[PDB]
Amino acid sequence: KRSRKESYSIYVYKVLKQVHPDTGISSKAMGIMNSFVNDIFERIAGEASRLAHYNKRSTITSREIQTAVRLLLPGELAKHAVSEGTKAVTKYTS
Amino acid sequence: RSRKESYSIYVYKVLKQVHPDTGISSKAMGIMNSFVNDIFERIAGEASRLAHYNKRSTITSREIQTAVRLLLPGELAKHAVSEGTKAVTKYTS
Amino acid sequence: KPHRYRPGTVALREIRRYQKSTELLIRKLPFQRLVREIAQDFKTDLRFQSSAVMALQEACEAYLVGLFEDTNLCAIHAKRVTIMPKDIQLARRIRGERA
Amino acid sequence: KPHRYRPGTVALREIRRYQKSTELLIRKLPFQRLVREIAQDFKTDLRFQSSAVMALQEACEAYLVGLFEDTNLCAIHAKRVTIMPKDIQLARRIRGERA
Amino acid sequence: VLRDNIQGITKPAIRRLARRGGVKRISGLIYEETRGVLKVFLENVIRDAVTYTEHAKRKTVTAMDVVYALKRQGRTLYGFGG
Amino acid sequence: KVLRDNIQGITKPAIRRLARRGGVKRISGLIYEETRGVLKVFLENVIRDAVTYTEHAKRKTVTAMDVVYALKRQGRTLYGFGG
Amino acid sequence: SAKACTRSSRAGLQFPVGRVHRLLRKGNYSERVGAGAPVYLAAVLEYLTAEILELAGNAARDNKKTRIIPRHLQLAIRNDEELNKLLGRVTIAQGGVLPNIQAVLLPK
Amino acid sequence: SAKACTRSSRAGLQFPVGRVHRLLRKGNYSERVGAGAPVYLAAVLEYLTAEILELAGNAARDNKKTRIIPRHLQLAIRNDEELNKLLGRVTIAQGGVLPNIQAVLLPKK
Amino acid sequence: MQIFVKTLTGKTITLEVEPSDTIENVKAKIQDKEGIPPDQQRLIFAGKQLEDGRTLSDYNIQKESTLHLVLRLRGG
Amino acid sequence: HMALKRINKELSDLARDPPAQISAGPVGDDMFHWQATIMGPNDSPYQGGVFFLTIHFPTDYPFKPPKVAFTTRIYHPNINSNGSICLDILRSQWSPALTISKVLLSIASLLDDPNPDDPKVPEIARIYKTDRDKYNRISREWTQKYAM
Amino acid sequence: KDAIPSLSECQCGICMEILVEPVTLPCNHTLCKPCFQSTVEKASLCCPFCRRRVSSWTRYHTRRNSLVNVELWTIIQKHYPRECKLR
DNA sequence: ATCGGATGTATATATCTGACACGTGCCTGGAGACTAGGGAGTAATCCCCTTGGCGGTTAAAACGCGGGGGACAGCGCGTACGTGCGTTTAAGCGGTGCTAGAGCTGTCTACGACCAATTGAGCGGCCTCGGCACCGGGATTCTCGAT
DNA sequence: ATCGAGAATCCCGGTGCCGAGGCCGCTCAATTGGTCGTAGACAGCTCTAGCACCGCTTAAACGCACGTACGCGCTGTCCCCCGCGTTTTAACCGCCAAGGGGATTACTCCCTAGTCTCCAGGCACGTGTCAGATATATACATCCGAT
Ligand SMILES: [Zn+2]
Ligand SMILES: [Zn+2]
């Protein structure tokens with residue numbers, strides 16, 4: 001058998017089931033969603049790495065990702081994304 | 001204090017090598033520093049991505065050569081490739 | 001006596017039909033042959049995956065659709081309904097593709 | 001009896017003179033005050049280095065020069081020497097700045 | 001050897017593309033300019049893809065290479081990988 | 001220390017001079033109100049990015065480095081001011 | 001949160017956290033990666049995916065279909081404002097274009 | 001080579017090679033850095049700088065000045081066909097613009 | 001003998017085993033006196049992980065020894 | 001604050017209508033701390049088993065879920081030896097609408113039948129799945145050891 | 001709607017109090033502004049009763065400043081003024 | 001078709017000043033020698049799939065023709081902008097006072113890198129049934145020549 | 001202003017098909033537990049320059065009057081895409097056959113990260129001086145009403 005190939009299929013399907021319980025999704029939409037997730041991940045991580053290199057630091061804390069999300073996304077989406085990330089961080093640590 | 005390195009002496013040496021009887025002001029010197037940094041960052045980023053694409057973990061000479069071929073236009077790319085190949089060949093022996 | 005539509009009143013119907021559809025608009029074999037010749041210009045004896053040709057066709061279609069939208073807008077700005085090549089050169093010059 | 005130039009020659013002379021020069025064309029204090037007003041909205045009690053203000057002024061001047069070049073091209077395309085706000089809007093929309 | 005395939009893009013095909021774009025009346029000189037600009041775009045993208053294939057020590061192009069070639073130029077493409 | 005009605009500081013002769021550099025031979029009378037709005041929007045974007053950059057670094061004074069970085073991010077790369 | 005349970009469940013997310021952490025470390029973005037960054041990044045990704053999926057599902061229900069196809073994604077992305085600005089450059093395969101006819105071309 | 005002189009002079013260059021190697025290693029671009037890459041990068045950078053400097057020097061000599069100011073750099077970059085495409089998005093500070101006027105706006109005969 | 005085992009909960013338990021007693025008998029005694037499932041225990045003597053192959057005589061446990069218990073369990 | 005008033009309405013609600021086999025009361029002076037008892041349902045392997053559990057309320061209620069802990073020891077695949085409870089409603093779908101009565105009745109319902117899909121303890125869950133009689137007898141001896 | 005509202009239905013489903021600055025969700029559920037303004041950052045960003053995401057509607061209405069309903073606020077304050085004044 | 005103001009721009013010469021080119025102390029980063037282990041080059045082998053080909057068949061492309069609508073050239077107008085000049089305004093430049101805050105340094109504590117055992121989340125291969133596509137029929141709705 | 005006939009489009013029902021969601025088996029990567037060098041958080045000190053103020057210029061800005069050229073609307077003419085019909089062409093689908101090269105595993109060797117030690121190359125600092133900006137005074141290209 002061929003080697004494993006990682007993908008974000010399961011998680012996208014789970015989120016879709018959480019939003020619209022009775023709605024399915026096709027394979028081409030899965031490819032599009034996987035590409036979109038990879039694109040956003042690379043953009044955010046690259047911006048965070050660049051910004052951490054600007055201030056002469058070696059670690060990428062949550063603050064760098066927060067600022068990268070504040071920069072890349074439009075303001076209205078940035079506010080909600082920052083709120084969601086702050087939730088996730090404050091709920092994970094306790 | 002602190003030390004702020006730059007590409008000053010090398011650019012001045014190249015300028016003297018090309019035009020033996022000319023000079024360069026400070027503002028143009030900073031412009032040259034910024035341009036060199038920009039080109040270096042572009043080439044390094046492209047080479048790093050090329051190395052990551054093929055499941056490789058090193059940056060050999062051919063990665064830099066392919067990045068140069070991609071970024072620069074035709075004649076510039078050909079001349080830069082020739083110059084780099086000559087430099088590395090003269091360096092290895 | 002035979003029924004004939006007014007000049008230009010079926011172009012609107014064609015627009016309304018095509019902007020609703022999502023299929024490809026260029027025949028597969030001619031575009032594939034064009035891609036093959038352009039490729040073999042650079043290097044001899046290449047082999048193309050089908051998905052690669054499909055991606056190339058999709059990119060070309062999207063680019064041409066955008067260019068035609070901007071060209072139509074230029075033509076309407078010039079107080080015209082037709083589109084002429086000078087509109088295409090103006091759109092390319094402003095977009096910076098040619099400059 | 002008084003000697004005055006035909007309307008238009010002075011404009012050409014100013015264009016020729018200004019395309020040769022390289023200094024800045026917006027007064028320093030008004031631009032600094034405008035930058036401070038814009039900045040104080042996002043965060044209060046900020047302080048600006050002089051080099052930052054100069055960089056902002058340079059970038060703004062270059063961007064406006066490019067926009068005016070494109071606007072003049074749009075105006076000349078429609079058989080009009082004069083430029084109009086519709087030309088600016090068309091240039092910005094085609095460049096994708098407003099979308 | 002293959003040649004004169006640029007004529008494969010027929011006039012009705014460009015007409016349909018323009019109709020999707022949103023034009024109502026097309027002059028008779030659009031077709032040659034459209035062929036020229038399409039050829040230029042294909043030349044650029046295919047050259048980038050062929051260079052990407054060359055760097056990988058392979059003698060066949062892959063849709064993945066074309067996707068990255070499009071991404072480098074600033075025209076990202078979804079639905080084919082990446 | 002409030003600031004009001006200051007966008008008008010970009011006078012009519014200044015915009016005329018900028019257009020003259022651009023290559024404009026005859027300017028209408030409605031340009032001088034559109035140009036101020038365009039400049040305000042562009043400056044708003046650049047200043048927002050620069051203020052975010054100086055907010056991350058825990059500093060109270062912006063720097064030419066932050067402005068250069070914001071301009072490079074927005075696509076308008078700038079030379080001769082550091083970097 | 002309690003220990004000895006999966007991190008994705010500890011943080012309440014759906015997207016994986018360990019996978020994001022591994023990608024951050026081995027993707028050559030920095031020498032060191034914090035422990036809290038993957039949680040934040042996965043949360044942002046999940047929020048964006050949920051938003052776009054909800055819009056696509058609403059469009060598909062409006063189109064009287066039960067499965068989301070790329071045309072629904074194109075409609076959801078372009079109809080919204082912030083999402084359109086974020087995804088202005090990307091091209092959706094087989095997505096089509098929005099119906100737009102200039103008022104001048106319409107018959108009078 | 002003889003493996004006796006400094007690395008920069010060993011390759012017959014003027015740009016440093018040790019600095020390029022350090023920047024490549026510590027600039028978190030990849031886990032490992034090859035031995036020959038920095039020489040290639042330094043050569044490319046030197047050659048590009050050489051072209052820009054010679055074009056600026058020519059533009060300054062045509063102006064009857066012995067110093068290269070940013071205006072000369074702008075003229076050299078904009079006039080050359082390939083360099084303009086390479087540096088299309090760059091904004092040179094105090095560089096000005098190339099002088100041109102559309103043929104329509106010239107005075108009528 | 002008498003062996004004291006300190007757990008992560010601070011519970012004091014004393015076991016009476018023999019040097020010749022095998023690990024199976026010790027685990028049976030643990031099951032009888034505690035009821036905790038056997039798969040959840042890998043014990044540590046002087047920083048060495050215990051293996052059921054060797055008996056207690058090989059270790060030669062000294063009198064009044066403190067025993068530490070750690071092992072990964074899914075569910076917390 | 002608002003949490004205190006909400007607790008007041010909820011205590012009045014539980015006082016006016018007592019759930020079957022369920023009683024809740026504040027053992028400590030602080031209103032956030034609570035104690036409750038669970039009685040083994042008739043249609044369950046547990047018979048005549050009564051257990052005591054403690055409830056801790058966060059600073060903000062019902063925005064954050066309460067924490068429930070089992071002081072007594074129960075042998076169950078979904079309950080650890082320490083007494084922690086792994087429940088979906090407790091963390092995944094906690095909502096301000098849900099109340100303490102509902103979460104306790106849900107705990108009782110899960111106590112009726114283990115869920116192998118999300119096993120808190122893997123070995124106990126799998127040995128439960130393999131054979132009914134083994135789990136039945138181990139649960140019986142454990143509940144006579146602890147519950148009675 | 002419901003020009004003759006009962007006092008029992010005016011209770012907020014969360015804090016059990018008379019509605020203050022009501023906000024109506026697309027699921028036609030009404031609750032006081034503090035409850036929603038809290039649950040948007042410290043709850044699952046979904047309707048507590050319906051359990052479905054409302055991110056898009058909230059995102060669109062936040063910029064438009066159309067969260068509040070003037071008609072329901074007015075009818076509540078005129079029908080039950082003494083509960084509003086004590087707040 | 002130029003003619004002579006009238007203007008602005010180009011050109012020749014003294015001068016003096018502040019930035020540019022260069023000398024110098026030195027210290028931090030670059031160079032030289034040895035080790036080891038993991039990454040990368042090389043060889044052998046599988047089988048996926050991409051190229052090549054023949055036959056049907058038929059939707060799409062090519063050619064021709066009538067003509068209605070649109071692009072383009074010419075004319076007239078009145079109004080908005082270019083040009084010039086007197087007047088009010090605030091940028092511009094020098095000099096000074098100061099302190100908020102950038103920037104460097106010494107400690108050390110808590111966050112993150114590293115490594116082995118382990119098993120459960122997640123991927124590959126199968127399978128079936130329902131949602132979607134195709135076709136036949138009818139109801140509904142723009143459209144245009146003639147009133 | 002409209003009627004009505006011809007043509008395109010939208011609904012509804014029936015039938016068939018194939019891929020999407022669920023399931024089972026398995027291999028590998030995330031968890032956990034513990035250990036240890038170090039990253040940066042914090043407190044403290046230094047000294048740079050960004051802010052605010054003052055006063056004296058005179059350069060750019062402002063408002064007004066006048067004239068003109070050009071943006072806009074209107075009208076007329078020709079010609080060229082459009083819509084339709086008829087015919088020729090190759091795209092498309094199905095089918096078969098082959099072997100080239102992508103992809104995988106196993107093996108070996110050598111390139112480079114790491115460590116330590118030693119030393120000179122570039123950096124901050126200071127100094128002399130001449131290139132170019134400034135002022136002043138001629139000489140020539142260019143524009144404008146009118147012969
Ligand atoms: Zn409430
Ligand atoms: Zn709801």
# chains A, B, ... in the order shown; residues from 1 in each chain; ligands from 1
call {"tool": "select_by_dssp", "arguments": {"residues": "chain J", "states": "strand (DSSP E)", "output": "PyMOL selection string"}}
result
chain J and resi 22-25+34-39+50-56+67-70
call {"tool": "write_last_selection", "arguments": {"atoms": "N, CA and C atoms", "output": "compact mmCIF listing (two decimals), in the first residue's frame"}}
result
# COMPACT_ATOMS: atom_id res chain seq x y z
N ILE J 22 -32.47 11.97 43.94
CA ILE J 22 -31.52 13.07 43.88
C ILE J 22 -31.83 14.06 44.99
N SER J 23 -30.79 14.44 45.74
CA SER J 23 -30.89 15.51 46.71
C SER J 23 -29.61 16.34 46.66
N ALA J 24 -29.78 17.66 46.73
CA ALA J 24 -28.67 18.60 46.66
C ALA J 24 -28.77 19.59 47.81
N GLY J 25 -27.64 19.87 48.45
CA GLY J 25 -27.60 20.80 49.55
C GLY J 25 -26.23 21.42 49.74
N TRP J 34 -21.17 22.62 47.04
CA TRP J 34 -22.40 21.84 47.14
C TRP J 34 -22.06 20.37 47.34
N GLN J 35 -23.00 19.63 47.93
CA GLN J 35 -22.90 18.19 48.06
C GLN J 35 -24.20 17.57 47.56
N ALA J 36 -24.10 16.40 46.95
CA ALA J 36 -25.25 15.70 46.41
C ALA J 36 -25.07 14.20 46.61
N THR J 37 -26.18 13.48 46.53
CA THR J 37 -26.19 12.03 46.67
C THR J 37 -26.77 11.41 45.40
N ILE J 38 -26.26 10.24 45.04
CA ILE J 38 -26.74 9.48 43.89
C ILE J 38 -27.18 8.11 44.37
N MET J 39 -28.37 7.70 43.94
CA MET J 39 -28.95 6.41 44.30
C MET J 39 -29.02 5.55 43.05
N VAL J 50 -25.67 3.76 47.22
CA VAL J 50 -25.80 5.19 47.43
C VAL J 50 -24.39 5.78 47.53
N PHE J 51 -24.17 6.90 46.85
CA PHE J 51 -22.85 7.50 46.78
C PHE J 51 -22.98 9.01 46.99
N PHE J 52 -21.90 9.62 47.46
CA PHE J 52 -21.86 11.05 47.73
C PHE J 52 -20.86 11.73 46.80
N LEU J 53 -21.25 12.86 46.23
CA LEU J 53 -20.39 13.62 45.33
C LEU J 53 -20.44 15.10 45.69
N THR J 54 -19.39 15.81 45.29
CA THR J 54 -19.23 17.23 45.59
C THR J 54 -19.28 18.05 44.31
N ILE J 55 -19.83 19.25 44.41
CA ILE J 55 -20.01 20.16 43.28
C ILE J 55 -19.30 21.47 43.60
N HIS J 56 -18.43 21.90 42.69
CA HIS J 56 -17.72 23.16 42.81
C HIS J 56 -18.16 24.09 41.68
N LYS J 67 -17.90 21.89 38.23
CA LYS J 67 -17.04 20.72 38.34
C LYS J 67 -17.63 19.75 39.35
N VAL J 68 -17.81 18.50 38.94
CA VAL J 68 -18.39 17.46 39.78
C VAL J 68 -17.31 16.43 40.09
N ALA J 69 -17.23 16.02 41.35
CA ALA J 69 -16.23 15.05 41.78
C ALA J 69 -16.88 13.99 42.66
N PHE J 70 -16.43 12.75 42.50
CA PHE J 70 -16.95 11.63 43.28
C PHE J 70 -16.03 11.38 44.47
call {"tool": "residues_near_ligand", "arguments": {"ligand": "ligand 2", "cutoff": "9 Å", "atoms": "only C-alpha atoms (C1' of nucleotides) and all ligand atoms", "output": "PyMOL selection string"}}
result
chain K and resi 25-29+46-54
call {"tool": "write_last_selection", "arguments": {"atoms": "C-alpha atoms", "output": "tab-separated table (two decimals), in the first residue's frame"}}
result
chain	number	residue	atom	x	y	z
K	25	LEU	CA	-31.26	36.17	17.40
K	26	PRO	CA	-32.16	34.84	13.93
K	27	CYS	CA	-33.72	31.86	15.73
K	28	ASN	CA	-36.33	34.33	17.06
K	29	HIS	CA	-34.95	34.08	20.60
K	46	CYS	CA	-24.15	29.41	19.38
K	47	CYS	CA	-27.72	29.85	20.56
K	48	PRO	CA	-27.95	28.18	24.00
K	49	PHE	CA	-31.38	26.72	23.22
K	50	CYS	CA	-30.99	25.91	19.51
K	51	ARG	CA	-27.27	24.92	19.43
K	52	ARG	CA	-26.32	26.36	16.05
K	53	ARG	CA	-23.66	28.86	15.03
K	54	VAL	CA	-24.68	32.51	14.64
call {"tool": "residues_near_ligand", "arguments": {"ligand": "ligand 1", "cutoff": "9 Å", "atoms": "only C-alpha atoms (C1' of nucleotides) and all ligand atoms", "output": "list in words"}}
result
residues 11, 12, 13, 14, 15, 16, 17, 18, 19, 20, 22, 31, 32, 33, 34, 35 and 36 of chain K
call {"tool": "write_last_selection", "arguments": {"atoms": "C-alpha atoms", "output": "mmCIF file, in the first residue's frame"}}
result
data_model
loop_
_atom_site.group_PDB
_atom_site.id
_atom_site.type_symbol
_atom_site.label_atom_id
_atom_site.label_comp_id
_atom_site.auth_asym_id
_atom_site.auth_seq_id
_atom_site.Cartn_x
_atom_site.Cartn_y
_atom_site.Cartn_z
ATOM 1 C CA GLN K 11 -37.854 36.887 32.021
ATOM 2 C CA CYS K 12 -34.437 36.458 30.448
ATOM 3 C CA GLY K 13 -33.856 32.777 29.764
ATOM 4 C CA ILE K 14 -30.351 33.008 31.230
ATOM 5 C CA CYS K 15 -30.256 35.422 34.179
ATOM 6 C CA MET K 16 -33.992 35.120 35.030
ATOM 7 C CA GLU K 17 -34.689 38.854 34.963
ATOM 8 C CA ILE K 18 -36.611 41.439 32.962
ATOM 9 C CA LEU K 19 -34.954 42.044 29.605
ATOM 10 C CA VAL K 20 -32.563 44.999 29.385
ATOM 11 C CA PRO K 22 -33.035 42.913 24.260
ATOM 12 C CA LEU K 31 -32.430 37.814 25.678
ATOM 13 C CA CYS K 32 -30.899 40.789 27.452
ATOM 14 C CA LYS K 33 -27.808 42.450 26.015
ATOM 15 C CA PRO K 34 -25.338 41.573 28.838
ATOM 16 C CA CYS K 35 -26.058 37.849 28.457
ATOM 17 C CA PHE K 36 -25.378 37.843 24.707
#
call {"tool": "select_by_dssp", "arguments": {"residues": "chain C", "states": "helix (DSSP H, G or I)", "output": "count of residues only"}}
result
62
call {"tool": "residues_around", "arguments": {"residues": "region 138-145 of chain L", "least_positions_apart": "2", "cutoff": "9 Å", "atoms": "only C-alpha atoms (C1' of nucleotides)", "output": "list in words"}}
result
residues 3, 4, 5 and 6 of chain C; 147 of chain L; 7, 8, 9, 10, 11 and 12 of chain M
call {"tool": "residues_around", "arguments": {"residues": "region 137-144 of chain J", "least_positions_apart": "2", "cutoff": "8 Å", "atoms": "only C-alpha atoms (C1' of nucleotides)", "output": "list in words"}}
result
residues 45, 46, 49, 74, 75, 76, 133, 134, 135, 146, 147 and 148 of chain J
call {"tool": "write_last_selection", "arguments": {"atoms": "N, CA, C and O atoms", "output": "PDB file, in the first residue's frame"}}
result
ATOM      1  N   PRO J  45     -27.250  -2.719  37.049  1.00  0.00           N
ATOM      2  CA  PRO J  45     -26.548  -3.741  37.843  1.00  0.00           C
ATOM      3  C   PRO J  45     -26.351  -3.332  39.291  1.00  0.00           C
ATOM      4  O   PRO J  45     -26.379  -4.188  40.184  1.00  0.00           O
ATOM      5  N   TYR J  46     -26.155  -2.042  39.549  1.00  0.00           N
ATOM      6  CA  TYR J  46     -26.052  -1.560  40.919  1.00  0.00           C
ATOM      7  C   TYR J  46     -27.412  -1.603  41.600  1.00  0.00           C
ATOM      8  O   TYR J  46     -28.407  -1.096  41.073  1.00  0.00           O
ATOM      9  N   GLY J  49     -27.169   0.909  46.059  1.00  0.00           N
ATOM     10  CA  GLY J  49     -25.913   1.634  46.101  1.00  0.00           C
ATOM     11  C   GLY J  49     -26.159   3.134  46.150  1.00  0.00           C
ATOM     12  O   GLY J  49     -26.766   3.703  45.241  1.00  0.00           O
ATOM     13  N   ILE J  74     -16.068   4.298  42.797  1.00  0.00           N
ATOM     14  CA  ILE J  74     -16.983   3.500  41.991  1.00  0.00           C
ATOM     15  C   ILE J  74     -16.193   2.838  40.871  1.00  0.00           C
ATOM     16  O   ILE J  74     -15.373   3.485  40.210  1.00  0.00           O
ATOM     17  N   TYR J  75     -16.440   1.547  40.660  1.00  0.00           N
ATOM     18  CA  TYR J  75     -15.798   0.778  39.599  1.00  0.00           C
ATOM     19  C   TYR J  75     -16.652   0.893  38.339  1.00  0.00           C
ATOM     20  O   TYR J  75     -17.694   0.238  38.225  1.00  0.00           O
ATOM     21  N   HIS J  76     -16.211   1.721  37.398  1.00  0.00           N
ATOM     22  CA  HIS J  76     -16.950   1.974  36.171  1.00  0.00           C
ATOM     23  C   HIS J  76     -15.955   2.299  35.069  1.00  0.00           C
ATOM     24  O   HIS J  76     -14.917   2.919  35.329  1.00  0.00           O
ATOM     25  N   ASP J 133     -20.776 -11.166  32.339  1.00  0.00           N
ATOM     26  CA  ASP J 133     -20.743 -11.750  33.678  1.00  0.00           C
ATOM     27  C   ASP J 133     -19.521 -11.296  34.469  1.00  0.00           C
ATOM     28  O   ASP J 133     -19.608 -11.072  35.683  1.00  0.00           O
ATOM     29  N   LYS J 134     -18.368 -11.168  33.806  1.00  0.00           N
ATOM     30  CA  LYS J 134     -17.164 -10.722  34.501  1.00  0.00           C
ATOM     31  C   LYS J 134     -17.343  -9.320  35.067  1.00  0.00           C
ATOM     32  O   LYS J 134     -17.053  -9.075  36.249  1.00  0.00           O
ATOM     33  N   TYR J 135     -17.821  -8.385  34.241  1.00  0.00           N
ATOM     34  CA  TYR J 135     -18.065  -7.035  34.732  1.00  0.00           C
ATOM     35  C   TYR J 135     -19.135  -7.032  35.812  1.00  0.00           C
ATOM     36  O   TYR J 135     -19.023  -6.300  36.800  1.00  0.00           O
ATOM     37  N   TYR J 146     -17.554  -1.129  48.849  1.00  0.00           N
ATOM     38  CA  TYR J 146     -17.545   0.316  49.059  1.00  0.00           C
ATOM     39  C   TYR J 146     -18.925   0.900  49.341  1.00  0.00           C
ATOM     40  O   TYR J 146     -19.101   1.599  50.343  1.00  0.00           O
ATOM     41  N   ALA J 147     -19.907   0.642  48.473  1.00  0.00           N
ATOM     42  CA  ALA J 147     -21.218   1.265  48.640  1.00  0.00           C
ATOM     43  C   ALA J 147     -21.883   0.824  49.938  1.00  0.00           C
ATOM     44  O   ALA J 147     -22.499   1.638  50.636  1.00  0.00           O
ATOM     45  N   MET J 148     -21.773  -0.456  50.277  1.00  0.00           N
ATOM     46  CA  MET J 148     -22.365  -0.972  51.505  1.00  0.00           C
ATOM     47  C   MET J 148     -21.315  -1.664  52.368  1.00  0.00           C
ATOM     48  O   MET J 148     -20.137  -1.716  52.014  1.00  0.00           O
TER      49      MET J 148
END
call {"tool": "interface_residues", "arguments": {"of": "chain F", "to": "chain L", "cutoff": "12 Å", "atoms": "only C-alpha atoms (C1' of nucleotides)", "output": "list in words"}}
result
residues 9, 25, 26, 27, 28, 29, 30, 58, 59, 60, 61, 62 and 63 of chain F
call {"tool": "closest_atom_pairs", "arguments": {"of": "chain G", "to": "chain J", "cutoff": "12 Å", "atoms": "only C-alpha atoms", "output": "tab-separated table"}}
result
residue	atom	partner	partner_atom	distance
G:1	CA	J:91	CA	10.0
G:2	CA	J:84	CA	9.4
G:3	CA	J:84	CA	11.0
G:4	CA	J:120	CA	9.9
G:5	CA	J:120	CA	8.9
G:6	CA	J:120	CA	11.2
G:8	CA	J:92	CA	11.0
G:9	CA	J:92	CA	8.0
G:10	CA	J:91	CA	8.6
G:11	CA	J:91	CA	9.6
G:12	CA	J:92	CA	6.5
G:13	CA	J:92	CA	9.2
G:14	CA	J:92	CA	10.4
call {"tool": "write_last_selection", "arguments": {"atoms": "N, CA, C and O atoms", "output": "tab-separated table (two decimals), in the first residue's frame"}}
result
chain	number	residue	atom	x	y	z
G	1	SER	N	-7.41	23.22	32.76
G	1	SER	CA	-8.21	22.06	32.39
G	1	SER	C	-7.58	20.82	32.99
G	1	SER	O	-6.42	20.83	33.42
G	2	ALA	N	-8.35	19.74	33.01
G	2	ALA	CA	-7.87	18.48	33.55
G	2	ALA	C	-6.80	17.87	32.66
G	2	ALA	O	-6.77	18.09	31.45
G	3	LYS	N	-5.91	17.11	33.28
G	3	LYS	CA	-4.83	16.44	32.58
G	3	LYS	C	-5.26	15.02	32.18
G	3	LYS	O	-6.34	14.55	32.57
G	4	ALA	N	-4.43	14.36	31.38
G	4	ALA	CA	-4.65	12.97	30.95
G	4	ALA	C	-5.90	12.84	30.09
G	4	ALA	O	-6.70	11.92	30.26
G	5	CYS	N	-6.08	13.79	29.17
G	5	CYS	CA	-7.10	13.70	28.14
G	5	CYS	C	-6.61	14.47	26.92
G	5	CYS	O	-5.72	15.32	27.02
G	6	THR	N	-7.18	14.14	25.77
G	6	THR	CA	-6.68	14.67	24.50
G	6	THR	C	-6.73	16.20	24.49
G	6	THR	O	-7.71	16.81	24.93
G	8	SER	N	-7.05	18.40	22.13
G	8	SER	CA	-8.17	18.98	21.39
G	8	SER	C	-9.44	19.00	22.23
G	8	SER	O	-10.24	19.94	22.12
G	9	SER	N	-9.64	17.98	23.07
G	9	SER	CA	-10.78	17.99	23.97
G	9	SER	C	-10.57	18.91	25.16
G	9	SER	O	-11.53	19.50	25.66
G	10	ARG	N	-9.33	19.05	25.63
G	10	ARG	CA	-9.06	19.98	26.72
G	10	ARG	C	-9.38	21.41	26.31
G	10	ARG	O	-9.97	22.17	27.08
G	11	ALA	N	-9.00	21.79	25.09
G	11	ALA	CA	-9.22	23.15	24.62
G	11	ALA	C	-10.61	23.35	24.01
G	11	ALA	O	-10.97	24.50	23.73
G	12	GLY	N	-11.37	22.29	23.81
G	12	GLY	CA	-12.72	22.40	23.28
G	12	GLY	C	-12.81	22.55	21.77
G	12	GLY	O	-13.92	22.66	21.25
G	13	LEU	N	-11.68	22.53	21.07
G	13	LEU	CA	-11.67	22.69	19.63
G	13	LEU	C	-12.08	21.40	18.93
G	13	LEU	O	-12.36	20.37	19.56
G	14	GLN	N	-12.12	21.47	17.60
G	14	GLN	CA	-12.29	20.30	16.74
G	14	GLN	C	-11.06	20.01	15.90
G	14	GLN	O	-10.74	18.84	15.68
call {"tool": "interface_residues", "arguments": {"of": "chain G", "to": "chain L", "cutoff": "8 Å", "atoms": "only C-alpha atoms (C1' of nucleotides)", "output": "list in words"}}
result
residues 32, 34 and 35 of chain G
call {"tool": "write_last_selection", "arguments": {"atoms": "N, CA and C atoms", "output": "PDB file, in the first residue's frame"}}
result
ATOM      1  N   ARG G  32      12.377  27.726  18.290  1.00  0.00           N
ATOM      2  CA  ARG G  32      11.535  27.248  19.376  1.00  0.00           C
ATOM      3  C   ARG G  32      10.101  27.692  19.140  1.00  0.00           C
ATOM      4  N   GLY G  34       6.289  28.014  21.136  1.00  0.00           N
ATOM      5  CA  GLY G  34       5.635  27.997  22.424  1.00  0.00           C
ATOM      6  C   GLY G  34       4.600  26.896  22.528  1.00  0.00           C
ATOM      7  N   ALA G  35       4.182  26.626  23.765  1.00  0.00           N
ATOM      8  CA  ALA G  35       3.190  25.584  23.997  1.00  0.00           C
ATOM      9  C   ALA G  35       1.773  26.071  23.733  1.00  0.00           C
TER      10      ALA G  35
END
call {"tool": "residues_around", "arguments": {"residues": "region 23-26 of chain A", "least_positions_apart": "3", "cutoff": "12 Å", "atoms": "only C-alpha atoms (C1' of nucleotides)", "output": "PyMOL selection string"}}
result
(chain A and resi 9-10+12-20+29-33) or (chain E and resi 79) or (chain G and resi 53-54+56-61+64-73) or (chain L and resi 131-132) or (chain M and resi 19-21)
